[PDB]
Structures are given as C-alpha cells and as structure tokens.
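Naming: A, B, ... by sequence-line order, numbering from 1 per chain.
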Amino acid sequence: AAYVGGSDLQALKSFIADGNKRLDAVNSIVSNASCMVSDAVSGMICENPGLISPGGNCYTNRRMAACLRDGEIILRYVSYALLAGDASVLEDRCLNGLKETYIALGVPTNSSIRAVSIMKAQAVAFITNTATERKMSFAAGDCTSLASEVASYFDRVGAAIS
Amino acid sequence: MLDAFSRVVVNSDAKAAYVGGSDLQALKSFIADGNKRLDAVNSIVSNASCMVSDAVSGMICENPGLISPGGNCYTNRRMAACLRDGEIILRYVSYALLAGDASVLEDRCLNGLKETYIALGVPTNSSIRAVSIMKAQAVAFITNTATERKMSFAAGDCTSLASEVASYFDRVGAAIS
Amino acid sequence: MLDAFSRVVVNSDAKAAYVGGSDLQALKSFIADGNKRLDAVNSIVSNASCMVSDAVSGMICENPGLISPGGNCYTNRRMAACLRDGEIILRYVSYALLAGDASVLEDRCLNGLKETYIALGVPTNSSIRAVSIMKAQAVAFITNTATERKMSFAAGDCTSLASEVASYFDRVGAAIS
Amino acid sequence: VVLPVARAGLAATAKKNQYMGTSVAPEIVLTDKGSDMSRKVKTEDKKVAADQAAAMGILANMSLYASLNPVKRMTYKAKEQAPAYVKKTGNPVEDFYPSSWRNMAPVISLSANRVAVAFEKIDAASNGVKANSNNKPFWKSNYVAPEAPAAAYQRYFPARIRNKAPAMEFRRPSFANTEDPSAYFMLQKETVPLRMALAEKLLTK
Ligand SMILES: *C(=C)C1=C(C)[C@@H](Cc2[nH]c(/C=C3N=C(/C=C4\NC(=O)[C@H](C)[C@H]4[C@@H](*)C)C(C)=C\3CCC(=O)O)c(CCC(=O)O)c2C)NC1=O
Ligand SMILES: *C(=C)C1=C(C)[C@@H](Cc2[nH]c(/C=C3N=C(/C=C4\NC(=O)[C@H](C)[C@H]4[C@@H](*)C)C(C)=C\3CCC(=O)O)c(CCC(=O)O)c2C)NC1=O
Ligand SMILES: *C(=C)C1=C(C)[C@@H](Cc2[nH]c(/C=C3N=C(/C=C4\NC(=O)[C@H](C)[C@H]4[C@@H](*)C)C(C)=C\3CCC(=O)O)c(CCC(=O)O)c2C)NC1=O
Ligand SMILES: *[C@@H](C)[C@H]1/C(=C/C2=NC(=C\c3[nH]c(C[C@H]4NC(=O)C(C=C)=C4C)c(C)c3CCC(=O)O)/C(CCC(=O)O)=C2C)NC(=O)[C@@H]1C
Ligand SMILES: *[C@@H](C)[C@H]1/C(=C/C2=NC(=C\c3[nH]c(C[C@H]4NC(=O)C(C=C)=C4C)c(C)c3CCC(=O)O)/C(CCC(=O)O)=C2C)NC(=O)[C@@H]1C
Ligand SMILES: *[C@@H](C)[C@H]1/C(=C/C2=NC(=C\c3[nH]c(C[C@H]4NC(=O)C(C=C)=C4C)c(C)c3CCC(=O)O)/C(CCC(=O)O)=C2C)NC(=O)[C@@H]1C
Ligand SMILES: *[C@H](C)[C@H]1/C(=C/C2=NC(=C\c3[nH]c(C[C@H]4NC(=O)C(C=C)=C4C)c(C)c3CCC(=O)O)/C(CCC(=O)O)=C2C)NC(=O)[C@@H]1C
Ligand SMILES: *[C@H](C)[C@H]1/C(=C/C2=NC(=C\c3[nH]c(C[C@H]4NC(=O)C(C=C)=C4C)c(C)c3CCC(=O)O)/C(CCC(=O)O)=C2C)NC(=O)[C@@H]1C
Ligand SMILES: *[C@H](C)[C@H]1/C(=C/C2=NC(=C\c3[nH]c(C[C@H]4NC(=O)C(C=C)=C4C)c(C)c3CCC(=O)O)/C(CCC(=O)O)=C2C)NC(=O)[C@@H]1C
C-alpha cells in the first residue's frame, strides 16, 4: 500500500495539468461503483433473460455472486488505469488469461461484453456529470478528454474477451 | 411449466421479490395496456377478503346442506379450510392476470386438485359454485359496474381484461369438474 | 350365585354372565343335581329351533282353519308373531328348568299373558295345543326318547327332571286357561 | 528419457498469470475536504469478496421481471427443468400438495412505482380455530369407544319389556370325570327377532 498527500501530492499534480481533473474523475467512479456493477449485471439480464433459466450461467446464487464479483474486479482495474493513466497494469494482471479461463468454465463471452458495455456507458455519464438521476458538484470546465480515455480502457476488456 | 419467479420460490431460495423504480418503467414498455393490467390486479387484490367471504357464504345460501349436521362445513376447521382454499384459489388468478399466463396457476395449484378433493370427499359441484361466484365479482369489479364499492379510474375500455379473467376462472372450474 | 343369575335375566342393566373354571365348579356345587340339570337344559336349547317350528307346524296341521282368511295365523305378520311367542315361552320354561323353580316364568312371561291374548283375540285353546307339543318334545329330549335325534349322556335316570319340566309347561296352559 | 508431467508444469508456469486465480484488485480511496493539507490518495491491493446475500436480491427481483415481461416470453423460450426425485405414496394429498409447498399463494402489493409479489402460506379461520391448526408444531401438542351394535296391551307389557327373554350357551369339559379349563357356561338376555323370512317359508309350507 502507498499514500501520497500534502506537498508530495502537488509534485505528482505538476507532471500533468489535469491532475485535479484526473483525480476528480476517479472520485465519480469509486463513489458509485456499487450502483454501477449492480445495474450493469441486472441490465445484462433484462436484455438476455436466458441467463437465469435452467442451464443458465447465472442460475443458482453461487454463480451470480461470482458474476457480481467479476464486474467489480474488472471495474477496479479500469479505475486504477484511469488514475495511473496507463493500461499496463490493467492488461498485465486482469486481462492476460481471462478469455482462456472463461472458455473452460463455459462463461458466455458475448453477454459478458454487454455488462462491460453498460459500465462504459455508466462511466462516461458520471465523468461528464450528465446522469439523469444523480449529480455531482464540480468546478466548471470540460472533461471530455478524460471520458474518452475511460472508454478506451473498457474496450481493452472487450477486445481481450472477443 | 413454471415461470422464472415460481421456479426460484420452489427451490426455497427467496419467497418474495419486487419490480419497481426505473426497472418497472422499463417493464411498461414491453407490455400493451401496462397501466391497465396493473389496475385490474389492484381491483381484485384490494377486495380479496370481501370476495372470498361473499363466495362461500353465497355457497351456503345456494345450498344450506354444507352446514347441516353431518355436512362438510360443520366443525370450525372445515369451514376455515373452505375460506382458506377460496382465498388460495383467488390469489393465483390475480397472479395469472398480472403475468398473463395460466401456467403457474395450472402447474402449482390446479394440478391434481380434483383427485385430492375426491379423496377428502369434498363436494366438487359446490366448489364450482364458489369459484363461479368469485368469477362474477371479478368481472364486476374490473368493468367498475360493482354496485357497492366504486373505484376511481382514468376512462377507457376494459372488456379485454374482463374477458381474460373469466377464462382463468373457467379453467379452474374445468380441473375441479 | 343363583340369585345374581335371576337378577341378570330380570334387570335391564346386568353384565352378561360368563362362567368358567373354578366359577363353573362353584355353580356345579350350588345347583341341585347339577350335571343332570345342565344336561337336561342343554338337550332343550340344542333342539329349540326344531322344537318351536314343529310345535307351531303341529298346531296348524291339526287346525288348518288358523291359516284361512280371518284365522289368527293368517298373513306373514301373524305367523311370525306366533312363532316368536312359541320361542319366548320355550326360553322362559328353559330358565325355570335351570333355576329349579317357576317364579321367573310366572313373573316375566305368564303374568298379563291371558289378558293380552283375550285383548288381541289370540285363541288360548290352540295356544295350549302348541305348548302341549313342546311339552312332549321337551320330555322326549330330556329322557333321550326323541324319534329322529339322539344326544350323548352318561347312563342313569332323569325322569324327575322330565316330570319337573312337564309341570312348567302345564303351568303355561293354566295361566292362559 | 522424457518427463511429460515435468514439461507440462514448466510450460504452464512460464506463461500463467499469477493474478488470475486470486481475485485481487486494486482499491482506491480519496480524501478531500477542500484544503491542500487534507487531500490524500491511497491505493492498496485487496481481494474482492463474493457477497452471496446481495446476489439473492438481484436474482429474485429480475426473475419476477423476467416472468411479467410478455415479449421476452416468446423471443426467449426458457428450458424445462425436471424436478428432483421424491418418492410417491399413492395418496393424492401428499403426492400433489407436499408440506414444502402446501398453502403457499402469491400476495400482490401495488404501490406508486413498485410492484411486489410475495408467496405466503394463507391461513384463515372461524371462531378462534385456524385452518392450519390441524398441523400445529409438536411442541404445542386415551380411552377407545366400543363398536355400536346394529299398545292397549302396554298395561300388561311395557315397550322396554316386550319380546325380551333369557339367552344361554354351554361347553362341557372335554374328558370324563376330568378337569378342563376350556369348559364354560354363559347367561345373557336379548329381544327375540321378528323371524319374518322363516315365518313366510313356514306359511308357504
Ligand atoms: C433492465 C430492466 C435494465 C437495467 C436494470 C438498466 C441497465 C441500464 N442502465 C443504463 C443507464 C445508466 N444506469 C446508471 C446507473 C445508475 N444511475 C444512478 O443514479 C445510480 C447512482 C446508479 C445505480 C442505479 C447510469 C449512470 C446510466 C447512464 C445513462 C443514464 O443515466 O441513463 C442503461 C443504458 C446504457 C446506455 O446508455 O447505453 C442500461 C441498459 N436499464 C434497463 O433497461
Ligand atoms: C345469501 C344470502 C347470498 C349472498 C351471500 C350473496 C352472494 C352473492 N354475491 C353475488 C355478487 C357479488 N358479490 C360482490 C362482493 C362485494 N361487493 C363489494 O362492494 C364488496 C367489496 C364485496 C364484499 C361485499 C360483488 C362485486 C358481486 C357482483 C355484483 C355486482 O355486479 O356488483 C352474487 C351474484 C353472483 C351470481 O350468482 O351471478 C351472489 C349470489 N347473495 C345471496 O343470495
Ligand atoms: C301334521 C302333519 C303334524 C305335525 C306338523 C306334527 C306335530 C307334532 N310333533 C310331535 C312330537 C315331537 N316333535 C318332535 C320334534 C323333533 N323331533 C326330532 O327328532 C327333530 C330333531 C325335531 C324337530 C322336527 C319331537 C322330539 C317330538 C316328541 C316325540 C314323542 O312322542 O316322543 C307330535 C306328537 C306329540 C303331541 O301330540 O303333542 C305332533 C302331533 N305331527 C303331525 O301329525
Ligand atoms: C470532469 C470530471 C468534471 C470537472 C472536473 C474539474 N475539477 C477541477 C478542479 C478541482 N477538483 C479538485 C478535487 C480533486 N483534486 C484532488 O486532489 C482531489 C483528491 C484528493 C479531488 C478529487 C480540486 C482540488 C480542484 C482544484 C480547484 C479547487 O481547489 O477546488 C476543474 C478545474 C480545472 C483544474 O483546476 O485543473 C475541473 C474542470 N468539472 C466538470 O465540469 C466535469 C464534469
Ligand atoms: C379497467 C380496468 C378500468 C381502467 C383502467 C385504466 N387505467 C389507466 C391509467 C393508469 N392507471 C394507473 C394505475 C396503475 N398503473 C400503474 O403503473 C400503477 C402502479 C403500479 C397502477 C396499479 C396509472 C399510473 C395510470 C396512468 C395514468 C396516466 O394516464 O398518466 C387508463 C388510461 C390508459 C392507460 O394508461 O392504460 C385506463 C383505461 N379505466 C376504466 O375506466 C376501467 C374501468
Ligand atoms: C338326563 C339329562 C340324561 C342323563 C344325564 C346324565 N348326565 C350325567 C353326567 C354328566 N353330564 C355332563 C354335562 C353337563 N355338565 C356340565 O358341566 C355341562 C355344561 C357346562 C353339561 C351340559 C357332565 C359333565 C356329566 C359328568 C360326567 C362327565 O361327563 O364327566 C349323568 C350322571 C350324573 C351323576 O350321577 O353324577 C347322567 C345320568 N342320563 C340319562 O340316561 C338321561 C337320558
Ligand atoms: C458475470 C459478469 C458473468 C459471469 C462470471 C463468472 N465468473 C466465474 C468464475 C471465475 N471468474 C474468473 C475471472 C476473474 N477472477 C479473477 O481473479 C480475475 C481477475 C484477476 C477475473 C476478472 C475466474 C478466474 C473464475 C474461476 C475461479 C472462481 O470461481 O473464483 C463464474 C463461476 C463459474 C462456475 O460456474 O464455476 C461465473 C458465473 N458468468 C456470466 O454469465 C456473466 C456474464
Ligand atoms: C370450501 C371452498 C370447499 C372445500 C374446502 C376444503 N379443503 C380442505 C382441505 C384441503 N384443501 C386442499 C387444497 C388446497 N391446499 C393447498 O395447498 C392449495 C394449493 C396451493 C389448495 C387449493 C388440500 C390439499 C386439502 C387437504 C389437506 C389440508 O388442508 O390439510 C377441507 C377439509 C377436508 C379435510 O381435510 O378432510 C375443506 C372443507 N371443501 C368444501 O366442501 C367447500 C366447498
Ligand atoms: C301362536 C301359538 C298364537 C298367536 C300368537 C300371537 N301373539 C301376538 C301378539 C303378542 N303376543 C304377546 C305375548 C308375548 N310377548 C311378550 O313380550 C311375552 C313375554 C315376555 C310374551 C309371551 C304380546 C304381548 C303380543 C302383543 C305385542 C307383540 O306383538 O309383540 C300376535 C299378533 C296379533 C295381531 O297383531 O294380530 C299373534 C299372532 N296367535 C295365534 O292365533 C296363535 C294361537
């Protein structure tokens, strides 16, 4: 574990002018991360109700608790990727070996992509403060560059499972 | 066959669930007469106590022999079982109206109900008369022609749901026949 | 013991007596000339159906006008009542033989009988002939001189018991005289 | 001259991601109270847990949505699941209404923006005796009755006395001059029957 604050935090903010903007975009995802994963996986089942049918992959409480875990593990790496600005840790630790794992278990990759697609939609609403149900208080300005970057990190997830 | 909900409730996983909030509003998009169908269920469920009490008492009026000495609604438990079954029968029809499917009504409730009733010596002809009285109050409530209690509704036509409920009760009559 | 036997036949709330082993040996000590008396009453009860049918069939053979219209054995109801009375009288005479006294027969059977037969129009002279046949039958069975049945006994004389039973039958004809 | 299991392990280890079977994900928490001395960012690897309790809420609520939706009912025709083996007993009361399912019925509750369904055991009663009082728990819990059997003259013979007579039966000891515990006598009373079939057969002859 590491901590950065005070005078040392201002040093890391000096390396990139959007240091406050980048940190304000991680605080809109980790504050809503519980609502995001719960809505993504639920929205995956509204679209494809065969997942909670007999023979489904989200039938039984043990499997869906693992499905809910996976969207959280995925989202935590993408949130770390935004804070760090690089996809290196996301690719090396989370996405390397995921698809070979999923085919053996029988996890459907196409519906798994739908959940990641919803979280990417939920992410850019929170970063750009355009959510219809909830708002956050921000200094006035434009974060369109950062919200584009988060979309790119979700597509590395989708590419790795395709 | 069951549906998605009753399959989890027979597994003893969860006994209750709710659809609400935004997810309810998405459910409205995939149904025609969505406000209408939830309104017709409300008219049955909010009168569930009065409907059953009217039905079995009407069965007593139509034939007094059920509370005869040597009858079958003699002793306090058999009468209480009569009120219980009429309540149980009614609530499945209210769920069948909600999902628009007789399957859970047929597989869970109606399956084998007749041979049970023959084993208990239940008069099946009079059980018909209870569930056919319960039909009459349902169609009266939905079309809002009910004399004693009037509901407040946005205007429209509800013949379709009125004809739908009469089919469901008639199916119960067929299995119990 | 024998007084309690008389209460068992007279009372309406008397536990049906069963007697065996040491209580049957006690009874054998209490009855006067016990084994011959028990063998005398056994010979009656073992033939009682043939006795009553033959006695009524005898009184009818000798006066067939009893079966003509206006005859007091005409119609099935009358014939049945006559057959029934023949068995009742035989049964009370068999208890008088068991007891060695007429009191149960007099008190329970013969008191009031004359007046009922007079009131009903039952002919007492032909009744006395039915009784006289069952007298002859009873004397024959007790002395083992019946024509078409023999019973098995230890050798001896039972003429005292036959003479006693004759006195009980002769009492029925003197009461309805 | 080849060890295949050793080659399989070494080839697998040289490519396997160490993190893939551990569910460890980076946690981020940021503190900000509007002063430059308060702002602090920390990161820490932490294993993500499976909350089986909250998974029930999603599974229950969506399956109700999946059943009330009528167009997903045809574009997604779900599969029949065969029920588990439970032995049958021939009585339809226990075959068709076993105690695990018996008396359950769906309560429906409709509110502003909420539709809720709950399966509940429906009890009702008369006086203070309930319908399911027949099946009370064990912690809330005799002699046998015998089988029942199938007048101007009245001054002389009352109705309680008419046609009533003694009845008697015997069994002498089986062997001459010898004791026998199987020997008996019985003394009783009974009303003589009408004998009407024998009286008809005798009247015909
Ligand atoms: C099935 C019935 C089904 C779903 C359930 C649900 C899935 C879904 N959700 C969106 C859009 C969004 N959901 C968001 C999450 C939340 N909003 C909040 O206020 C709280 C904090 C949080 C948890 C509930 C967000 C932020 C969005 C973004 C846009 C918006 O505000 O609507 C979608 C649409 C995805 C897209 O935009 O393409 C879906 C599919 N919807 C269902 O129908
Ligand atoms: C014996 C005396 C006997 C009665 C018991 C009674 C039985 C009976 N009931 C109906 C019809 C209806 N009962 C209804 C129930 C009620 N109306 C309300 O407002 C409350 C909430 C509720 C409880 C009292 C309803 C709605 C009806 C339909 C009538 C209508 O159009 O409103 C019937 C007639 C049904 C039929 O056989 O066709 C009977 C026989 N009547 C008795 O004689
Ligand atoms: C008309 C055709 C007519 C008669 C009917 C019949 C009536 C009658 N009966 C007796 C005498 C006896 N009847 C007896 C009965 C039986 N004997 C048996 O062996 C069987 C088991 C049993 C049932 C049929 C007996 C035992 C006697 C006594 C015989 C004896 O004399 O010792 C009589 C004659 C005596 C009398 O006059 O009272 C009569 C007339 N007889 C008919 O003629
Ligand atoms: C895009 C996400 C938003 C938006 C974001 C902006 N925030 C700006 C200034 C700002 N934000 C913070 C808080 C943030 N910095 C930290 O160090 C911490 C965490 C420890 C948090 C989470 C600060 C401190 C600041 C600086 C101003 C201040 O002192 O309050 C900002 C202005 C640009 C800039 O200052 O660099 C923007 C644009 N605003 C939006 O409208 C979109 C939706
Ligand atoms: C026949 C049964 C009735 C009839 C039914 C109608 N109801 C209409 C509108 C309406 N009803 C409700 C309440 C109901 N829908 C819900 O979602 C909820 C809560 C879950 C309940 C139980 C609502 C909210 C509405 C919509 C109100 C609006 O118009 O904005 C209606 C109009 C058309 C429609 O929307 O379906 C009809 C015809 N009305 C009658 O007169 C008969 C007797
Ligand atoms: C006139 C009745 C007979 C006759 C009868 C004799 N029987 C004699 C002995 C005897 N009889 C029985 C049966 C009787 N005793 C009972 O306990 C019961 C039923 C519970 C019955 C029906 C028994 C047991 C005995 C005792 C001898 C034995 O069988 O072991 C008997 C001899 C009496 C004596 O002197 O002790 C006689 C004379 N004999 C006749 O010749 C006429 C036709
Ligand atoms: C939900 C969004 C999906 C779904 C997911 C399931 N995943 C299951 C097991 C599983 N998942 C992973 C990958 C995951 N674990 C990690 O450590 C990493 C990151 C470093 C990732 C992101 C693994 C390795 C495993 C297996 C090990 C384990 O059980 O924890 C799973 C259960 C499979 C089973 O039935 O045995 C499910 C259901 N499945 C779906 O259909 C939706 C789309
Ligand atoms: C009143 C409308 C009727 C009638 C009712 C009676 N039912 C009796 C017992 C009984 N009922 C059922 C079926 C019921 N149980 C369920 O779980 C559900 C479905 C969800 C159904 C609809 C069963 C299986 C049984 C027997 C088991 C039990 O209740 O403990 C009953 C008592 C008779 C008895 O138990 O011997 C009555 C009186 N019968 C009538 O005559 C009127 C018309
Ligand atoms: C057969 C040899 C007769 C004959 C007999 C009939 N008796 C009729 C009625 C009757 N008999 C008695 C006496 C009887 N009942 C008792 O309870 C006792 C002793 C405890 C005895 C000895 C009574 C009291 C009655 C009237 C009540 C009843 O019927 O039970 C009878 C019916 C007459 C009629 O209804 O027409 C008949 C035929 N009848 C004959 O003619 C021959 C001689």
Enquirer: Below 30° counts as parallel, above 60° as perpendicular, anything between as tilted: where do the rings of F119(D) and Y95(B) land?
Expert: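 It falls in the perpendicular class, over 60°.
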Enquirer: Restricting to non-hydrogen atoms, name the atom on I122(D) and the atom on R91(B) that form the minimum distance, rounded to 0.1 Å.
Expert: CD1-NH2, 3.5 Å
Enquirer: Are side-chain heavy atoms of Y18(B) and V115(D) found at a separation under 4.5 Å?
Expert: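 Result no, sub-4.5 Å side-chain heavy-atom pair not found.
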Enquirer: Examine whether an atom of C82(B) lies under 4.5 Å from a heavy atom of chain D, and if so say whether it belongs to the side chain, the backbone or both; otherwise answer neither.
Expert: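 Interface part for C82(B): neither.
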Enquirer: Heavy-atom pairs under 4.5 Å with chain B - which of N132(D), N103(D), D95(D) has more of them than the others?
Expert: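 Highest number of heavy-atom pairs under 4.5 Å: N103(D).
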Enquirer: Measure distances from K130(D) to the heavy atoms of chain B and classify the residue's part below 4.5 Å as side chain, backbone, both or neither.
Expert: backbone
Enquirer: Counting only heavy atoms closer than 4.5 Å, note whether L120(B) contacts chain D via side chain, backbone, both or neither.
Expert: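 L120(B) has no heavy atom closer than 4.5 Å to chain D.
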Enquirer: Taking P92(D) as the fixed residue, which of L113(B), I118(B), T116(B) is the one that meets the side-chain contact (heavy atoms from CB on, under 4.5 Å) rule?
Expert: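 Testing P92(D) for a side-chain contact (heavy atoms from CB on, under 4.5 Å) against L113(B), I118(B), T116(B) leaves exactly one candidate, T116(B).
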Enquirer: Pick from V93(D), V107(D), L59(D): which one has the most heavy-atom pairs with chain B under 4.5 Å?
Expert: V107(D)
Enquirer: Quick one, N61(D) with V19(B), criterion side-chain contact (heavy atoms from CB on, under 4.5 Å). Give me CA distance, side-chain angles, the key distance, then yes/no.
Expert: CA-CA 6 Å; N61(D) 292 338; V19(B) 174; 5.6 Å; no
Enquirer: Only pairs of heavy atoms separated by less than 4.5 Å count here; which of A4(B), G20(B), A17(B) has the most with chain D?
Expert: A17(B)
Enquirer: Using heavy-atom distances under 4.5 Å, tell me whether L24(B) contacts chain D through its side chain, its backbone, both, or neither.
Expert: side chain
Enquirer: Could you pull out the closest heavy-atom pair between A131(D) and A81(B), with the gap in Å?
Expert: CB-N, 4.0 Å
Enquirer: Take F30(B) and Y65(D), measure what side-chain contact (heavy atoms from CB on, under 4.5 Å) needs, and give me the verdict at the end.
Expert: CA-CA 11 Å; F30(B) 289 120; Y65(D) 173 83; 3.7 Å; yes
Enquirer: Please classify the contact of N91(D) with chain B as side chain, backbone, both or neither, using a heavy-atom distance under 4.5 Å.
Expert: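 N91(D) has no heavy atom closer than 4.5 Å to chain B.
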Enquirer: Can you tell which part of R7(B) gets under 4.5 Å to a heavy atom of chain D, answering side chain, backbone, both or neither?
Expert: side chain
Enquirer: Should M79(B) and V129(D) be marked as a side-chain contact (heavy atoms from CB on, under 4.5 Å) after you check the CA-CA gap, both sets of side-chain angles, and the distance that decides it?
Expert: CA-CA 10 Å; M79(B) 179 67 181; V129(D) 177; over 6 Å; no
Enquirer: Identify the two heavy atoms, one from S126(D) and one from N76(B), that lie closest to each other, and give their separation to 0.1 Å.
Expert: OG-O, 2.5 Å
Enquirer: Would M56(D) and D13(B) satisfy side-chain contact (heavy atoms from CB on, under 4.5 Å), going step by step from the backbone distance to the final call?
Expert: CA-CA 8 Å; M56(D) 273 277 185; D13(B) 277 313; 3.6 Å; yes
Enquirer: Between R77(B) and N134(D), is there a side-chain heavy-atom distance shorter than 4.5 Å?
Expert: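 Yes, at least one pair of side-chain atoms sits under 4.5 Å.
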Enquirer: Give, as side chain, backbone, both or neither, the part of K121(D) having an atom under 4.5 angstrom from any heavy atom of chain B.
Expert: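 Neither part.
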Enquirer: Strictly distance-based, threshold 3.5 Å: is any side-chain N or O of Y97(D) a donor or acceptor partner for the main-chain N or O of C109(B)?
Expert: yes
Enquirer: Taking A99(B)'s backbone N and O only, do any of them form a donor-acceptor pair with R73(D)'s side chain (distance below 3.5 Å, no angle check)?
Expert: yes
Enquirer: Does any backbone or side-chain atom of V45(B) lie under 4.5 Å from a heavy atom of chain D? Answer side chain, backbone, both or neither.
Expert: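 For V45(B), the side chain is the part near chain D, not the backbone.
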Enquirer: Heavy-atom distance under 4.5 Å to chain D: side chain of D85(B), backbone, both or neither?
Expert: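 Contact with chain D: none, neither part.
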Enquirer: Shorter than 4.5 Å, heavy atoms on both sides: which option in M104(D), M62(D), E120(D) has the most such pairs with chain B?
Expert: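 Top count of heavy-atom pairs under 4.5 Å with chain B: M104(D).
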